[PDB]
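So this one's query-v9.pdb, PDB, C-alpha atoms:
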ATOM      1  CA  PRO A  80      18.164   9.227 136.420  1.00  0.00           C
ATOM      2  CA  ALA A  81      21.496   9.550 138.336  1.00  0.00           C
ATOM      3  CA  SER A  82      21.554  11.817 141.364  1.00  0.00           C
ATOM      4  CA  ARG A  83      24.021  14.593 142.241  1.00  0.00           C
ATOM      5  CA  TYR A  84      24.299  15.958 145.775  1.00  0.00           C
ATOM      6  CA  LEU A  85      23.897  19.538 146.967  1.00  0.00           C
ATOM      7  CA  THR A  86      25.497  20.171 150.392  1.00  0.00           C
ATOM      8  CA  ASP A  87      25.958  23.011 152.890  1.00  0.00           C
ATOM      9  CA  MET A  88      28.834  21.061 154.537  1.00  0.00           C
ATOM     10  CA  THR A  89      32.519  20.572 153.663  1.00  0.00           C
ATOM     11  CA  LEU A  90      33.576  16.917 153.254  1.00  0.00           C
ATOM     12  CA  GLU A  91      35.262  17.060 156.699  1.00  0.00           C
ATOM     13  CA  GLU A  92      32.091  18.436 158.455  1.00  0.00           C
ATOM     14  CA  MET A  93      30.159  15.524 156.886  1.00  0.00           C
ATOM     15  CA  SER A  94      32.547  12.778 157.965  1.00  0.00           C
ATOM     16  CA  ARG A  95      33.867  14.201 161.252  1.00  0.00           C
ATOM     17  CA  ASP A  96      33.049  11.867 164.119  1.00  0.00           C
ATOM     18  CA  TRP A  97      31.266  13.542 167.041  1.00  0.00           C
ATOM     19  CA  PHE A  98      29.765  12.317 170.348  1.00  0.00           C
ATOM     20  CA  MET A  99      27.119  13.387 172.844  1.00  0.00           C
ATOM     21  CA  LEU A 100      28.088  14.041 176.488  1.00  0.00           C
ATOM     22  CA  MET A 101      24.358  13.658 177.283  1.00  0.00           C
ATOM     23  CA  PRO A 102      22.828  11.473 174.540  1.00  0.00           C
ATOM     24  CA  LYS A 103      19.263  11.843 173.197  1.00  0.00           C
ATOM     25  CA  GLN A 104      18.121   9.722 170.256  1.00  0.00           C
ATOM     26  CA  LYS A 105      14.771   9.350 168.597  1.00  0.00           C
ATOM     27  CA  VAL A 106      13.884   7.412 165.444  1.00  0.00           C
ATOM     28  CA  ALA A 107      11.065   8.929 163.436  1.00  0.00           C
ATOM     29  CA  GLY A 108       9.837   7.559 160.132  1.00  0.00           C
ATOM     30  CA  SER A 109      13.088   6.153 158.754  1.00  0.00           C
ATOM     31  CA  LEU A 110      15.444   8.787 160.190  1.00  0.00           C
ATOM     32  CA  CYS A 111      17.766   8.892 163.133  1.00  0.00           C
ATOM     33  CA  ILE A 112      17.666  12.141 165.147  1.00  0.00           C
ATOM     34  CA  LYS A 113      20.569  12.801 167.602  1.00  0.00           C
ATOM     35  CA  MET A 114      21.069  15.759 169.925  1.00  0.00           C
ATOM     36  CA  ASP A 115      23.682  16.353 172.716  1.00  0.00           C
ATOM     37  CA  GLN A 116      21.304  17.395 175.532  1.00  0.00           C
ATOM     38  CA  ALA A 117      24.326  18.898 177.382  1.00  0.00           C
ATOM     39  CA  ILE A 118      24.519  21.887 174.922  1.00  0.00           C
ATOM     40  CA  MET A 119      22.870  25.075 176.214  1.00  0.00           C
ATOM     41  CA  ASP A 120      22.708  28.818 175.360  1.00  0.00           C
ATOM     42  CA  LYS A 121      24.582  28.304 172.035  1.00  0.00           C
ATOM     43  CA  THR A 122      23.930  29.719 168.501  1.00  0.00           C
ATOM     44  CA  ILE A 123      23.157  26.811 166.146  1.00  0.00           C
ATOM     45  CA  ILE A 124      22.859  26.395 162.363  1.00  0.00           C
ATOM     46  CA  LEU A 125      21.376  23.272 160.732  1.00  0.00           C
ATOM     47  CA  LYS A 126      23.301  22.372 157.531  1.00  0.00           C
ATOM     48  CA  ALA A 127      22.303  19.663 155.053  1.00  0.00           C
ATOM     49  CA  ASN A 128      23.268  17.451 152.116  1.00  0.00           C
ATOM     50  CA  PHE A 129      20.480  16.559 149.671  1.00  0.00           C
ATOM     51  CA  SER A 130      20.407  14.478 146.543  1.00  0.00           C
ATOM     52  CA  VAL A 131      19.303  16.791 143.649  1.00  0.00           C
ATOM     53  CA  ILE A 132      17.505  15.693 140.387  1.00  0.00           C
ATOM     54  CA  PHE A 133      16.348  18.152 137.686  1.00  0.00           C
ATOM     55  CA  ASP A 134      17.277  21.215 139.864  1.00  0.00           C
ATOM     56  CA  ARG A 135      14.956  20.033 142.725  1.00  0.00           C
ATOM     57  CA  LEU A 136      16.149  18.529 146.100  1.00  0.00           C
ATOM     58  CA  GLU A 137      14.859  14.959 146.516  1.00  0.00           C
ATOM     59  CA  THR A 138      16.290  13.000 149.451  1.00  0.00           C
ATOM     60  CA  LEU A 139      18.090  13.816 152.728  1.00  0.00           C
ATOM     61  CA  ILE A 140      21.599  12.280 152.903  1.00  0.00           C
ATOM     62  CA  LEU A 141      22.841  13.992 156.089  1.00  0.00           C
ATOM     63  CA  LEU A 142      21.742  16.899 158.358  1.00  0.00           C
ATOM     64  CA  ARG A 143      24.065  18.263 161.027  1.00  0.00           C
ATOM     65  CA  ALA A 144      23.640  20.938 163.712  1.00  0.00           C
ATOM     66  CA  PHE A 145      26.678  23.207 164.219  1.00  0.00           C
ATOM     67  CA  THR A 146      27.549  25.792 166.876  1.00  0.00           C
ATOM     68  CA  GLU A 147      29.139  29.123 165.735  1.00  0.00           C
ATOM     69  CA  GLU A 148      32.638  27.744 166.671  1.00  0.00           C
ATOM     70  CA  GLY A 149      31.927  24.617 164.555  1.00  0.00           C
ATOM     71  CA  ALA A 150      31.090  21.879 167.107  1.00  0.00           C
ATOM     72  CA  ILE A 151      28.513  19.202 166.063  1.00  0.00           C
ATOM     73  CA  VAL A 152      25.609  19.076 168.555  1.00  0.00           C
ATOM     74  CA  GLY A 153      22.910  17.269 166.550  1.00  0.00           C
ATOM     75  CA  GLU A 154      22.325  15.109 163.484  1.00  0.00           C
ATOM     76  CA  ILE A 155      19.513  13.761 161.197  1.00  0.00           C
ATOM     77  CA  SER A 156      20.674  10.742 159.152  1.00  0.00           C
ATOM     78  CA  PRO A 157      18.616   8.165 157.202  1.00  0.00           C
ATOM     79  CA  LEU A 158      18.567   4.514 158.324  1.00  0.00           C
ATOM     80  CA  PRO A 159      19.674   2.217 155.393  1.00  0.00           C
ATOM     81  CA  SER A 160      17.867  -0.937 156.624  1.00  0.00           C
ATOM     82  CA  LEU A 161      14.508   0.980 156.803  1.00  0.00           C
ATOM     83  CA  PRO A 162      12.324   1.889 153.775  1.00  0.00           C
ATOM     84  CA  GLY A 163      13.097   5.357 152.321  1.00  0.00           C
ATOM     85  CA  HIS A 164      11.950   8.485 154.189  1.00  0.00           C
ATOM     86  CA  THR A 165       9.354  10.842 152.762  1.00  0.00           C
ATOM     87  CA  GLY A 166       9.445  14.642 152.630  1.00  0.00           C
ATOM     88  CA  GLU A 167       7.083  14.699 155.597  1.00  0.00           C
ATOM     89  CA  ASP A 168       9.431  12.445 157.652  1.00  0.00           C
ATOM     90  CA  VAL A 169      12.282  14.991 157.078  1.00  0.00           C
ATOM     91  CA  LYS A 170      10.115  18.036 157.952  1.00  0.00           C
ATOM     92  CA  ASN A 171       9.012  16.302 161.204  1.00  0.00           C
ATOM     93  CA  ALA A 172      12.595  15.265 162.096  1.00  0.00           C
ATOM     94  CA  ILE A 173      13.694  18.949 161.603  1.00  0.00           C
ATOM     95  CA  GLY A 174      10.919  20.104 164.008  1.00  0.00           C
ATOM     96  CA  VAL A 175      11.948  17.403 166.506  1.00  0.00           C
ATOM     97  CA  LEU A 176      15.619  18.506 166.376  1.00  0.00           C
ATOM     98  CA  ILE A 177      14.829  22.267 166.445  1.00  0.00           C
ATOM     99  CA  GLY A 178      12.324  21.933 169.312  1.00  0.00           C
ATOM    100  CA  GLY A 179      14.780  19.796 171.284  1.00  0.00           C
ATOM    101  CA  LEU A 180      17.662  22.278 170.852  1.00  0.00           C
ATOM    102  CA  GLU A 181      15.436  25.316 171.621  1.00  0.00           C
ATOM    103  CA  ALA A 182      14.310  23.633 174.874  1.00  0.00           C
ATOM    104  CA  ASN A 183      17.976  24.041 176.015  1.00  0.00           C
ATOM    105  CA  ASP A 184      17.816  27.795 175.141  1.00  0.00           C
ATOM    106  CA  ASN A 185      19.896  27.411 171.949  1.00  0.00           C
ATOM    107  CA  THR A 186      19.176  29.873 169.081  1.00  0.00           C
ATOM    108  CA  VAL A 187      18.691  27.823 165.925  1.00  0.00           C
ATOM    109  CA  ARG A 188      18.509  28.705 162.184  1.00  0.00           C
ATOM    110  CA  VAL A 189      18.469  26.619 158.995  1.00  0.00           C
ATOM    111  CA  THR A 190      20.255  27.147 155.654  1.00  0.00           C
ATOM    112  CA  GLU A 191      18.389  28.267 152.516  1.00  0.00           C
ATOM    113  CA  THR A 192      18.911  24.602 151.360  1.00  0.00           C
ATOM    114  CA  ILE A 193      16.740  23.258 154.230  1.00  0.00           C
ATOM    115  CA  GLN A 194      14.229  26.115 153.831  1.00  0.00           C
ATOM    116  CA  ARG A 195      13.719  25.312 150.079  1.00  0.00           C
ATOM    117  CA  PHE A 196      13.350  21.517 150.729  1.00  0.00           C
ATOM    118  CA  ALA A 197      10.798  22.169 153.514  1.00  0.00           C
ATOM    119  CA  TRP A 198       8.733  24.725 151.493  1.00  0.00           C
ATOM    120  CA  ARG A 199       8.572  22.318 148.465  1.00  0.00           C
ATOM    121  CA  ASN A 200       8.836  18.861 150.296  1.00  0.00           C
TER
ATOM    122  CA  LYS B  78      31.248  41.403 151.655  1.00  0.00           C
ATOM    123  CA  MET B  79      31.414  37.539 151.020  1.00  0.00           C
ATOM    124  CA  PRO B  80      28.790  34.788 150.225  1.00  0.00           C
ATOM    125  CA  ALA B  81      28.832  31.254 151.793  1.00  0.00           C
ATOM    126  CA  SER B  82      29.533  28.328 149.502  1.00  0.00           C
ATOM    127  CA  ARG B  83      27.486  25.156 148.998  1.00  0.00           C
ATOM    128  CA  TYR B  84      28.908  22.111 147.246  1.00  0.00           C
ATOM    129  CA  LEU B  85      27.602  20.306 144.172  1.00  0.00           C
ATOM    130  CA  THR B  86      28.951  16.771 143.816  1.00  0.00           C
ATOM    131  CA  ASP B  87      28.712  13.872 141.402  1.00  0.00           C
ATOM    132  CA  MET B  88      30.082  11.501 144.100  1.00  0.00           C
ATOM    133  CA  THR B  89      28.589   9.888 147.219  1.00  0.00           C
ATOM    134  CA  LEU B  90      30.461  10.710 150.471  1.00  0.00           C
ATOM    135  CA  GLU B  91      32.063   7.264 150.406  1.00  0.00           C
ATOM    136  CA  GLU B  92      33.370   7.904 146.912  1.00  0.00           C
ATOM    137  CA  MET B  93      35.042  11.155 148.071  1.00  0.00           C
ATOM    138  CA  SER B  94      36.729   9.624 151.070  1.00  0.00           C
ATOM    139  CA  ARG B  95      37.399   6.075 149.965  1.00  0.00           C
ATOM    140  CA  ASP B  96      41.146   5.455 150.123  1.00  0.00           C
ATOM    141  CA  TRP B  97      42.752   4.099 146.907  1.00  0.00           C
ATOM    142  CA  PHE B  98      46.247   3.275 145.638  1.00  0.00           C
ATOM    143  CA  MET B  99      48.117   3.211 142.327  1.00  0.00           C
ATOM    144  CA  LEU B 100      49.919  -0.007 141.370  1.00  0.00           C
ATOM    145  CA  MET B 101      52.002   2.151 139.005  1.00  0.00           C
ATOM    146  CA  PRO B 102      52.001   5.705 140.448  1.00  0.00           C
ATOM    147  CA  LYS B 103      52.109   8.908 138.354  1.00  0.00           C
ATOM    148  CA  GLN B 104      51.904  12.282 140.128  1.00  0.00           C
ATOM    149  CA  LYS B 105      52.336  15.975 139.393  1.00  0.00           C
ATOM    150  CA  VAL B 106      51.610  19.345 141.004  1.00  0.00           C
ATOM    151  CA  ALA B 107      50.245  21.898 138.533  1.00  0.00           C
ATOM    152  CA  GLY B 108      49.130  25.375 139.363  1.00  0.00           C
ATOM    153  CA  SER B 109      47.932  24.484 142.863  1.00  0.00           C
ATOM    154  CA  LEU B 110      46.463  21.051 142.173  1.00  0.00           C
ATOM    155  CA  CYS B 111      47.649  17.504 142.705  1.00  0.00           C
ATOM    156  CA  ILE B 112      47.019  15.192 139.716  1.00  0.00           C
ATOM    157  CA  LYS B 113      47.217  11.399 140.284  1.00  0.00           C
ATOM    158  CA  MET B 114      46.723   8.530 137.826  1.00  0.00           C
ATOM    159  CA  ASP B 115      47.333   4.766 138.124  1.00  0.00           C
ATOM    160  CA  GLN B 116      49.445   4.161 135.045  1.00  0.00           C
ATOM    161  CA  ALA B 117      48.727   0.384 135.366  1.00  0.00           C
ATOM    162  CA  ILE B 118      45.077   0.887 134.184  1.00  0.00           C
ATOM    163  CA  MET B 119      44.583   0.020 130.522  1.00  0.00           C
ATOM    164  CA  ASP B 120      41.706  -0.599 128.064  1.00  0.00           C
ATOM    165  CA  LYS B 121      39.079   0.500 130.676  1.00  0.00           C
ATOM    166  CA  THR B 122      35.995   2.790 130.447  1.00  0.00           C
ATOM    167  CA  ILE B 123      36.473   5.775 132.741  1.00  0.00           C
ATOM    168  CA  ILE B 124      34.213   8.573 134.003  1.00  0.00           C
ATOM    169  CA  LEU B 125      35.554  11.684 135.759  1.00  0.00           C
ATOM    170  CA  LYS B 126      33.267  12.797 138.612  1.00  0.00           C
ATOM    171  CA  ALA B 127      33.608  16.003 140.577  1.00  0.00           C
ATOM    172  CA  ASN B 128      32.662  18.057 143.627  1.00  0.00           C
ATOM    173  CA  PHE B 129      32.640  21.812 143.108  1.00  0.00           C
ATOM    174  CA  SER B 130      31.716  24.688 145.420  1.00  0.00           C
ATOM    175  CA  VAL B 131      28.818  26.836 144.257  1.00  0.00           C
ATOM    176  CA  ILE B 132      27.462  30.303 144.882  1.00  0.00           C
ATOM    177  CA  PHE B 133      24.492  31.636 142.905  1.00  0.00           C
ATOM    178  CA  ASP B 134      23.856  28.526 140.747  1.00  0.00           C
ATOM    179  CA  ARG B 135      27.387  28.730 139.180  1.00  0.00           C
ATOM    180  CA  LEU B 136      30.272  26.298 140.020  1.00  0.00           C
ATOM    181  CA  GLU B 137      33.281  28.190 141.428  1.00  0.00           C
ATOM    182  CA  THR B 138      36.106  26.064 142.832  1.00  0.00           C
ATOM    183  CA  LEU B 139      37.190  22.416 142.521  1.00  0.00           C
ATOM    184  CA  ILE B 140      37.055  20.521 145.822  1.00  0.00           C
ATOM    185  CA  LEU B 141      37.737  17.057 144.384  1.00  0.00           C
ATOM    186  CA  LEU B 142      37.688  15.179 141.123  1.00  0.00           C
ATOM    187  CA  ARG B 143      38.041  11.446 140.822  1.00  0.00           C
ATOM    188  CA  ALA B 144      38.282   9.077 137.897  1.00  0.00           C
ATOM    189  CA  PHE B 145      36.171   5.908 138.142  1.00  0.00           C
ATOM    190  CA  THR B 146      36.170   2.708 136.079  1.00  0.00           C
ATOM    191  CA  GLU B 147      32.738   1.254 135.148  1.00  0.00           C
ATOM    192  CA  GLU B 148      33.122  -1.273 138.068  1.00  0.00           C
ATOM    193  CA  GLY B 149      33.792   1.609 140.480  1.00  0.00           C
ATOM    194  CA  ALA B 150      37.587   1.495 141.027  1.00  0.00           C
ATOM    195  CA  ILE B 151      39.355   4.891 141.537  1.00  0.00           C
ATOM    196  CA  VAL B 152      42.172   5.304 138.962  1.00  0.00           C
ATOM    197  CA  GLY B 153      42.817   9.045 139.040  1.00  0.00           C
ATOM    198  CA  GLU B 154      42.284  12.173 141.082  1.00  0.00           C
ATOM    199  CA  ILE B 155      42.532  15.910 141.091  1.00  0.00           C
ATOM    200  CA  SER B 156      42.686  17.585 144.477  1.00  0.00           C
ATOM    201  CA  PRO B 157      43.634  21.132 145.534  1.00  0.00           C
ATOM    202  CA  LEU B 158      46.677  21.719 147.740  1.00  0.00           C
ATOM    203  CA  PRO B 159      45.693  23.777 150.892  1.00  0.00           C
ATOM    204  CA  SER B 160      49.197  25.242 151.544  1.00  0.00           C
ATOM    205  CA  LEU B 161      49.298  26.658 147.969  1.00  0.00           C
ATOM    206  CA  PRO B 162      47.498  29.831 146.734  1.00  0.00           C
ATOM    207  CA  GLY B 163      44.015  29.101 145.279  1.00  0.00           C
ATOM    208  CA  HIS B 164      43.864  27.430 141.872  1.00  0.00           C
ATOM    209  CA  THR B 165      42.091  29.267 138.959  1.00  0.00           C
ATOM    210  CA  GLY B 166      39.487  27.983 136.439  1.00  0.00           C
ATOM    211  CA  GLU B 167      42.321  27.607 133.948  1.00  0.00           C
ATOM    212  CA  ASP B 168      44.398  25.475 136.357  1.00  0.00           C
ATOM    213  CA  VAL B 169      41.431  23.041 136.661  1.00  0.00           C
ATOM    214  CA  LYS B 170      40.785  22.880 132.908  1.00  0.00           C
ATOM    215  CA  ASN B 171      44.473  22.094 132.300  1.00  0.00           C
ATOM    216  CA  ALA B 172      44.586  19.485 135.058  1.00  0.00           C
ATOM    217  CA  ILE B 173      41.562  17.707 133.566  1.00  0.00           C
ATOM    218  CA  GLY B 174      43.280  17.757 130.153  1.00  0.00           C
ATOM    219  CA  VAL B 175      46.448  16.333 131.737  1.00  0.00           C
ATOM    220  CA  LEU B 176      44.474  13.580 133.450  1.00  0.00           C
ATOM    221  CA  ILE B 177      42.376  12.737 130.333  1.00  0.00           C
ATOM    222  CA  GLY B 178      45.433  12.721 128.017  1.00  0.00           C
ATOM    223  CA  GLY B 179      47.318  10.505 130.478  1.00  0.00           C
ATOM    224  CA  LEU B 180      44.481   7.977 130.733  1.00  0.00           C
ATOM    225  CA  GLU B 181      43.914   7.950 126.919  1.00  0.00           C
ATOM    226  CA  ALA B 182      47.601   7.167 126.359  1.00  0.00           C
ATOM    227  CA  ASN B 183      46.845   3.785 128.089  1.00  0.00           C
ATOM    228  CA  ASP B 184      43.915   3.181 125.671  1.00  0.00           C
ATOM    229  CA  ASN B 185      41.237   3.960 128.217  1.00  0.00           C
ATOM    230  CA  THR B 186      37.988   5.548 127.039  1.00  0.00           C
ATOM    231  CA  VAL B 187      37.351   8.651 129.117  1.00  0.00           C
ATOM    232  CA  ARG B 188      34.205  10.659 129.619  1.00  0.00           C
ATOM    233  CA  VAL B 189      33.267  13.498 132.039  1.00  0.00           C
ATOM    234  CA  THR B 190      30.067  14.234 133.870  1.00  0.00           C
ATOM    235  CA  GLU B 191      27.753  17.113 132.904  1.00  0.00           C
ATOM    236  CA  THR B 192      29.054  18.907 136.076  1.00  0.00           C
ATOM    237  CA  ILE B 193      32.636  18.928 134.677  1.00  0.00           C
ATOM    238  CA  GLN B 194      31.418  19.824 131.169  1.00  0.00           C
ATOM    239  CA  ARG B 195      29.516  22.905 132.505  1.00  0.00           C
ATOM    240  CA  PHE B 196      32.511  24.084 134.675  1.00  0.00           C
ATOM    241  CA  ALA B 197      34.893  23.738 131.693  1.00  0.00           C
ATOM    242  CA  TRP B 198      32.574  25.486 129.157  1.00  0.00           C
ATOM    243  CA  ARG B 199      32.016  28.432 131.614  1.00  0.00           C
ATOM    244  CA  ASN B 200      35.358  28.337 133.666  1.00  0.00           C
TER
END
Do you think you could lay out the structure here as structure tokens?
Amino acid sequence: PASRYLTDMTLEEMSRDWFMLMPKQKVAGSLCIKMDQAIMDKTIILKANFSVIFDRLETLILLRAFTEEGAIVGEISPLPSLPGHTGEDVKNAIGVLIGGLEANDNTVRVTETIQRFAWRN
Amino acid sequence: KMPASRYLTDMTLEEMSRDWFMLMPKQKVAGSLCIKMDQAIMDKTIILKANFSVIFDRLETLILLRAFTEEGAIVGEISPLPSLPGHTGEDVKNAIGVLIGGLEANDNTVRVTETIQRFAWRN
């Protein structure tokens, strides 16, 4: 069955190139987690793009962390060369990103989209 | 107040941002939408794929529509114009008709995704 994609992000927020002043990268499961460890005391929202089949979110395509002004400070992207991530890989990557950002005293929330994927896997 | 939009797409990110060109250009601005079609494309099988914004499980606004051949070439497009006042559901329906009619005139077989079919049927 062909997939459709449900996103929280505009096409520009998904393709905008961003960089970290203080890079931090971890690879967990088959996902790449990035976070600018220079960002502190900001209000962050995690926004995602999922592939959706039969009204249920299936796979993570892109996850991006945005400040209230709109700057990209973090990202969770799959690695194409590596075998497909599971629902557990995604949940763990979210916790890794959240924990990392909160360590720099950043307030972080997720969209209903992420909340529904997590709760259902 | 106002509710935040999510986006439901038929296309991968690369499909939405891939650059393409018409060997025989045909363009028009209708309502507040830009309609493009390569008038050099003939006797092909085409599918129209779209990206719509959504609030409360109902498609609201067109973000981008593209026309793909079975091989994956982009032959047509419907995009909103940001400087112009927001297009309606009727503008979109008409633009799709204009694109379909145009492509059928060159003996192309044209079909739409379920996403477009649902937007049209509901507006």
Compile a residue-level contact table for chain B against chain A at a cut-off of 9 Å, reporting for every qualifying residue the shortest atom pair and its distance in Å to one decimal, with only C-alpha atoms counted, rows ordered by chain and ascending number, as JSON lines.
{"residue": "B:81", "atom": "CA", "partner": "A:87", "partner_atom": "CA", "distance": 8.8}
{"residue": "B:82", "atom": "CA", "partner": "A:87", "partner_atom": "CA", "distance": 7.2}
{"residue": "B:83", "atom": "CA", "partner": "A:87", "partner_atom": "CA", "distance": 4.7}
{"residue": "B:84", "atom": "CA", "partner": "A:86", "partner_atom": "CA", "distance": 5.0}
{"residue": "B:85", "atom": "CA", "partner": "A:85", "partner_atom": "CA", "distance": 4.7}
{"residue": "B:86", "atom": "CA", "partner": "A:84", "partner_atom": "CA", "distance": 5.1}
{"residue": "B:87", "atom": "CA", "partner": "A:83", "partner_atom": "CA", "distance": 4.8}
{"residue": "B:88", "atom": "CA", "partner": "A:83", "partner_atom": "CA", "distance": 7.1}
{"residue": "B:89", "atom": "CA", "partner": "A:84", "partner_atom": "CA", "distance": 7.6}
{"residue": "B:90", "atom": "CA", "partner": "A:90", "partner_atom": "CA", "distance": 7.5}
{"residue": "B:93", "atom": "CA", "partner": "A:90", "partner_atom": "CA", "distance": 7.9}
{"residue": "B:94", "atom": "CA", "partner": "A:90", "partner_atom": "CA", "distance": 8.2}
{"residue": "B:128", "atom": "CA", "partner": "A:84", "partner_atom": "CA", "distance": 8.9}
{"residue": "B:140", "atom": "CA", "partner": "A:90", "partner_atom": "CA", "distance": 9.0}
All residues 12 Å or closer to residue A:167, only C-alpha atoms, same chain fewer than 6 positions away omitted, as number ranges by chain = A: 107-110, 137-139, 173-174, 196-200
Ground truth for the PyMOL selection byres ((chain B and resi 180) around 10), written as a PyMOL selection string = chain B and resi 114-123+144+152-153+174-179+181-187
Would you work out the distance separating atom CA of residue A:114 from atom CA of residue B:80, expressed in Å to one decimal?
-> 28.5 Å
Find the spatial neighbours of residue B:111, counting all atoms listed in the file, within a cut-off of 9 Å - ignore same-chain residues fewer than 6 positions away - and output them as a PyMOL selection string.
-> chain B and resi 104-105+154-158+172
Residues from the last selection, C-alpha atoms, saved as a short mmCIF file (atom, residue, chain, number, x, y, z; two decimals), in the frame of the given file:
data_model
loop_
_atom_site.label_atom_id
_atom_site.label_comp_id
_atom_site.auth_asym_id
_atom_site.auth_seq_id
_atom_site.Cartn_x
_atom_site.Cartn_y
_atom_site.Cartn_z
CA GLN B 104 51.90 12.28 140.13
CA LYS B 105 52.34 15.98 139.39
CA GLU B 154 42.28 12.17 141.08
CA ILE B 155 42.53 15.91 141.09
CA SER B 156 42.69 17.58 144.48
CA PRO B 157 43.63 21.13 145.53
CA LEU B 158 46.68 21.72 147.74
CA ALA B 172 44.59 19.48 135.06
#
Please indicate the distance in Å from atom CA of residue A:184 to atom CA of residue A:120, rounded to one decimal place.
->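 Spanning atom CA of residue A:184 to atom CA of residue A:120 is a straight-line distance of 5.0 Å.
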Would you compute an axis-aligned box for stretch 121-132 of chain A, covering every atom listed for it in the file with 5 Å of margin on each side, and report centre and edge lengths in Å to one decimal as AutoDock Vina command-line options?
--center_x 21.0 --center_y 22.1 --center_z 156.2 --size_x 17.1 --size_y 25.2 --size_z 41.6
How would you write as a PyMOL selection string the residues that get within 7 Å of (29.7, 9.2, 132.9) in the file's frame, counting only C-alpha atoms?
-> chain B and resi 124-125+188-190
Could you list as an mmCIF file with C-alpha atoms, in the coordinates of the input every residue that has an atom within 6 Å of (23.1, 19.8, 160.5), using the file's coordinates and counting all atoms listed in the file?
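Result file selection.cif:
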data_model
loop_
_atom_site.group_PDB
_atom_site.id
_atom_site.type_symbol
_atom_site.label_atom_id
_atom_site.label_comp_id
_atom_site.auth_asym_id
_atom_site.auth_seq_id
_atom_site.Cartn_x
_atom_site.Cartn_y
_atom_site.Cartn_z
ATOM 1 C CA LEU A 125 21.376 23.272 160.732
ATOM 2 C CA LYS A 126 23.301 22.372 157.531
ATOM 3 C CA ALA A 127 22.303 19.663 155.053
ATOM 4 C CA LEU A 142 21.742 16.899 158.358
ATOM 5 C CA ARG A 143 24.065 18.263 161.027
ATOM 6 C CA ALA A 144 23.640 20.938 163.712
ATOM 7 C CA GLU A 154 22.325 15.109 163.484
#
For residue B:165, the nearest of the candidates B:200, B:127, B:99, B:78, counting all atoms listed in the file =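 Once distances to residue B:165 are computed over all atoms listed in the file, the minimum belongs to B:200.
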Have a look at atom CA of residue A:149 and atom CA of residue A:103 and let me know their distance in Å, one decimal.
->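 Separation of atom CA of residue A:149 and atom CA of residue A:103: 20.0 Å.
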Nearby residues (only C-alpha atoms) at most 9 Å from residue A:102, same-chain spacing under 5 positions excluded, as a VMD selection string = chain A and resid 113 to 117
Could you expand the PyMOL selection byres ((chain A and resi 186) around 10) into the explicit residues it covers here, written as a list in words?
-> residues 119, 120, 121, 122, 123, 124, 146, 177, 180, 181, 182, 183, 184, 185, 187 and 188 of chain A
Given the file above and the PyMOL selection byres ((chain A and resi 161) around 12), which residues are selected, and can you give them as an NGL selection string?
-> :A and (106-111 or 156-160 or 162-165)
Next, write the just-selected residues to a file, as a compact mmCIF listing (two decimals), in the frame of the given file, keeping C-alpha atoms as the atom set.
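Output below, filename out-v4.txt:
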# COMPACT_ATOMS: atom_id res chain seq x y z
CA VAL A 106 13.88 7.41 165.44
CA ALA A 107 11.06 8.93 163.44
CA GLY A 108 9.84 7.56 160.13
CA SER A 109 13.09 6.15 158.75
CA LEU A 110 15.44 8.79 160.19
CA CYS A 111 17.77 8.89 163.13
CA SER A 156 20.67 10.74 159.15
CA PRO A 157 18.62 8.16 157.20
CA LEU A 158 18.57 4.51 158.32
CA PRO A 159 19.67 2.22 155.39
CA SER A 160 17.87 -0.94 156.62
CA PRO A 162 12.32 1.89 153.78
CA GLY A 163 13.10 5.36 152.32
CA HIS A 164 11.95 8.48 154.19
CA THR A 165 9.35 10.84 152.76
Out of B:192, B:134, B:129, B:145, which residue has the shortest atom-to-atom distance to residue B:92 when counting all atoms listed in the file?
->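 Closest to residue B:92, using all atoms listed in the file: B:145.
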